[PDB]
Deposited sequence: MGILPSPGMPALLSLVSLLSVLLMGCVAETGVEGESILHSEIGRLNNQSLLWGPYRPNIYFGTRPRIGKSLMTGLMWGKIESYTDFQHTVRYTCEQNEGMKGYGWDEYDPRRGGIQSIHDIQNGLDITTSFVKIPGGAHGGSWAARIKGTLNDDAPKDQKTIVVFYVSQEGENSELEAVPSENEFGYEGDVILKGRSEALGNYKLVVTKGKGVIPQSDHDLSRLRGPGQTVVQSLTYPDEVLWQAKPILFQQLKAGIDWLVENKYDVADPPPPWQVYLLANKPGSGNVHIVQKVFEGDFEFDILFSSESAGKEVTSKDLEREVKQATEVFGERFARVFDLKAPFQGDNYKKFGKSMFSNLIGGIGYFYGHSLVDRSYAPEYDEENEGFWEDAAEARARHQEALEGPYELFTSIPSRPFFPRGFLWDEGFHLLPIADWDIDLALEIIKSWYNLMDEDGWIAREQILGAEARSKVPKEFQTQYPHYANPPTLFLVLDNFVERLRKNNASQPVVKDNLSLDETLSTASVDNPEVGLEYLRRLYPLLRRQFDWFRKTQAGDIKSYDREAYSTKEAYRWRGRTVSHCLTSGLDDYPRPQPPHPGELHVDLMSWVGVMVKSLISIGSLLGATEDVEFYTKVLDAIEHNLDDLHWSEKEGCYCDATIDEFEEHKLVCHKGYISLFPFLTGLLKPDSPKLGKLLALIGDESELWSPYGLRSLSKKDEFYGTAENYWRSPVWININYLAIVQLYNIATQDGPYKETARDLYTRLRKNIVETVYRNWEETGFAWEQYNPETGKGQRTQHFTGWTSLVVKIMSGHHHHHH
């Protein structure tokens, strides 16, 4: 019944619009398979289309906004695109129809409406691009009856091992088709839907824009060669209409031109299922999925006061659909340095110059191929899996579909190498590499990242203790199933735990350092003079200079998080020998956190280093780092230290802004310095941890109950309203928020952990 729930899950989630890197496209969860993609662009001139065409997501003044209004990866959803440059408000409805043996069917409607600014007679080129990889697979455009292209629907017939037989139909659609009176129409038609079937080597099929353009260019070249010139040129839109040449191949370009508003449908029908999908099916299934989304939201994301209002409901729906709608399937090679150069051991003073020398050797090679099913921080900027990010992405996702969240966890944990390492950044394939500068591509086996994924596991454990509907919760409703999942994953958790202790170990025994345990001390590998990327807080101030004797209180607290999870799960599995080891370790971290990181002078936790005279010095920078033992739920509710941190959290002269907790205190000397990335701005993921922990303390007998309750109340209010106001004004979730103005800044479309705001509003932790 485990293999059984897993098969149903496979079959449920197989198809989706799993390529978040482009405005609209589909692929299944198979590395080499069938993929689709949308492109559109107005054409006003002979040279304009190349600049107007849209394919991959970006964010600039050209594009007012875009994102999912509703989305469930099991059912589908609706996306809105507001394109200023192209004068177009576009809608992409995508829906899945279960049935057959090949992971169901699906269908999409593309609607375009000219906005009030656009010339009512705008010409907009639309393209649907279809590709197939695999050695023993086939795809054919059925030719049209008419000479120059299609009056009606385009039908592609295809077969593959993974998909069996299928047909994919691009319908004729509603909208005016411009007609050309030029001579050229004697050879190219007056204007009509056209199909070009091509073949390239598989590994380049992803490069839709160049492949399209190569075809467009050959078309213009043809015109020049056949004496169609400036003496009397065809209309631009006719110049960019491809000559119709359907056939078979691994690429199929379907192209339409519309004047004014337009719409058309894609109907993918698995032959494995019953009758083929129809447009009338698309309409029904879309309507029904909306109703299902509606019900589920109100049940799973019941917004509590003061956010019960519809305005906040719309807000929550937008933040949630954009987070979950970013889910993607990625496939390909990673770039990894597998040298394990000794300089990465970072055992010297000046180690950053050593590690740069080993990097300068360029031993990194491609390896894999790998696959990952994951949500993502940002469609336009960061369309790929980030390890500690996903920790936050999955917390609301888990509420919505726990079976979904566990798939994504499973997916992430399957990338782990024999040592226990998962690269913090998953760049899989040439496609995924295209949106990443060479400098950032290479992964390093010594670089960790917060194990925020254990948080989600924690929530599942607590839920496990206490057909699309059924599937979504099968892993808590069937305890046998839950446990079996944990049994299989547990080895990997423990592996990773040990990997932290082998690779991220701090140096006690070699200095003047007394403390309750000889074992417990952690230091992030990977740090440079001004950064510690691996920690998540890229430019939070750390001991200067960086130094092999550093200890990092955030890292130690993360290890804390892991052991608490390991206790819970080991118990559930009865790994008794294990659960005793964990208990001794937890005990030691609790003590060592105090002995090695607590500053009575300053009233908070601190990183450590070793002095010029080789003695242990605390280095205190009051901000997120300083709160870590508390954010990670390690502190006893009656602790004087907890209470001292509540003073810090609440104190407006340090971290308490009207808009949330500042990453760094106004008092610190690094406040608003350098890039000011984690050096003042409000970050929603770290605020979320605080809000959750405050609520913990508030809902328990203890000396800090009523202080916590008040901070909770205000922080929840502050964070939500800041994100909401910004959403209202700008349409976007932002990466961080400005503590002085409340303005969102850095990156847009960050959903992304900002979306955590949905869970914050719904409350009752």
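Visitor: In sequence order, which deposited residues have no C-alpha?
Guide: Since the structure holds only modelled residues, the stretches it omits are 1-37, 504-516, 816-819.
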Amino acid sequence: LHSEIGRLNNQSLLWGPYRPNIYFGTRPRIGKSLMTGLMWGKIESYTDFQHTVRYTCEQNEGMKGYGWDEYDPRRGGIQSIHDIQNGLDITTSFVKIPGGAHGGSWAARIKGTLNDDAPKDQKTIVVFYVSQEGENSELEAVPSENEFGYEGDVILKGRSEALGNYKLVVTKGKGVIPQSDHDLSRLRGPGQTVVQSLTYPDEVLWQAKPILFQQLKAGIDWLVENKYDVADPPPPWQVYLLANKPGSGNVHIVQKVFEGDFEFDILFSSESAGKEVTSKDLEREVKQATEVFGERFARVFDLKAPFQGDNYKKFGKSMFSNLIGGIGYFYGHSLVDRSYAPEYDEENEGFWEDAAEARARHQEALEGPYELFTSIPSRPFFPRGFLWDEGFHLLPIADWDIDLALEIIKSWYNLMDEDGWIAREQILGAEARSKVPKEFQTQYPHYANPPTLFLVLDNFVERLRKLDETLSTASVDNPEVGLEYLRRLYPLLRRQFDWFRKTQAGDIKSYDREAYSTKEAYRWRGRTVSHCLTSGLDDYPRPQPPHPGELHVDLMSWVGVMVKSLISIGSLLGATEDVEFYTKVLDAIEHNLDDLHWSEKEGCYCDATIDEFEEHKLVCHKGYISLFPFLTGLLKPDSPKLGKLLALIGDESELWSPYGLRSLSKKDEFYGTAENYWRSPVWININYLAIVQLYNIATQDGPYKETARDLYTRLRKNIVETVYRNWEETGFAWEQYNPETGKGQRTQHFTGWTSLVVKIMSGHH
From here on, numbers count along this sequence of modelled residues.
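Between two forms, the rigid core is defined as the largest C-alpha subset superposing within 1.5 Å.
Visitor: With the rigid core as the fit anchor, does 646-654 or 431-439 show bigger C-alpha shifts in 9 other deposited structures of this protein?
Guide: Farther on average in 9 other deposited structures of this protein: 431-439.
Visitor: For the higher mean C-alpha B factor in the entry, choose 377-385 or 142-150.
Guide: In the deposited entry, the stretch with the higher C-alpha B-factor mean is 142-150.
Visitor: Mean C-alpha B-factor higher for 692-700, or for 736-744?
Guide: Averaged over C-alpha atoms, the B-factors run higher in 692-700.
Visitor: Just to confirm, going by the entry's C-alpha B-factors, which of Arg159, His531, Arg679, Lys256 comes out highest?
Guide: Reading the PDB entry, the winner on C-alpha B-factor is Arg159.
Visitor: Highest recorded C-alpha temperature factor, please, choosing from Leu184, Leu205, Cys604, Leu88.
Guide: Highest C-alpha B-factor among the listed residues goes to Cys604.
Visitor: Could you look up the Cα B-factor of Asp710 in the entry and say which third of the chain it sits in: lowest, middle or highest?
Guide: Answer is highest: the recorded C-alpha B-factor places it there.
Visitor: Considering every modelled residue of the chain and its Cα B-factor in the PDB entry, is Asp498 in the lowest, middle or highest third?
Guide: For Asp498, the deposited C-alpha B-factor lands in the lowest third.
Visitor: If you rank the chain by CA B-factor, which third does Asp538 end up in: lowest, middle or highest?
Guide: According to the entry, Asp538 has a C-alpha B-factor in the chain's lowest third.
Visitor: Sorting the chain's CA B-factors, does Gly660 end up in the lowest, middle or highest third?
Guide: Within its chain, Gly660 is a lowest-third residue by C-alpha B-factor, going by the deposited values.
Visitor: Quick check on the deposited entry: does the C-alpha B-factor of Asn9 sit in the lowest, middle or highest third of its chain?
Guide: For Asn9, the deposited C-alpha B-factor lands in the highest third.
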